[PDB]
Amino acid sequence: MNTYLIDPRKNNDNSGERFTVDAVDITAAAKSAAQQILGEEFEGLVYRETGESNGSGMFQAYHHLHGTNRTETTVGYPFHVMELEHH
């Protein structure tokens, strides 16, 4: 449908090379991006990182392992997310 820019900030990696993910809306793009950044191990939920401003390009992805209680929380960190150049 549409491409969305994805850049893992929490990663703290020194790789400016950002990757893009497929999606229909920023809402879904974020959920799809996290699945790649955090991996298939990510099944929690995503939410908007910013609020005071509509300026997109940032989102939050959280996930807590429920059932096995093997850990306290699977993953949970922010991540850049913005819709590629449009018309």
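Annotations
- Net charge over other residues, Cβ less than 10 angstrom from the Cβ of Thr3 (K, R count +1; D, E count -1): -3
- Applying the criteria of a DSSP loop state and at most 16 other Cβ atoms within 10 Å to the GluC sites (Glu not before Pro) of segment 6-87 yields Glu17, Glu40, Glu41, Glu43, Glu52, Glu72, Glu85.
- Cα principal axis extents for the chain, largest first, Å: 47, 28, 26
- Its DSSP H runs of at least 4 residues, each contributing -39,500 (n - 2.57), put the calculated 222 nm mean residue ellipticity of the chain at -4500 deg cm²/dmol, to the nearest 500.
- Charged neighbours of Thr68, selected by a Cβ distance under 14 Å, balance to -2 (K, R count +1; D, E count -1).
- In terms of other Cβ atoms within 10 Å, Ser15, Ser56 run from fewest to most in the order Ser15, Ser56.
- Near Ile37, once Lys and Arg are set to +1 and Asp and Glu to -1 for all other residues with Cβ below 13 Å from its Cβ, the sum equals 0.
Coordinate-derived values only; no laboratory data. Here the Cβ is made from the backbone with ideal geometry for all residues, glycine too, and neighbour counts use every protein chain on show.
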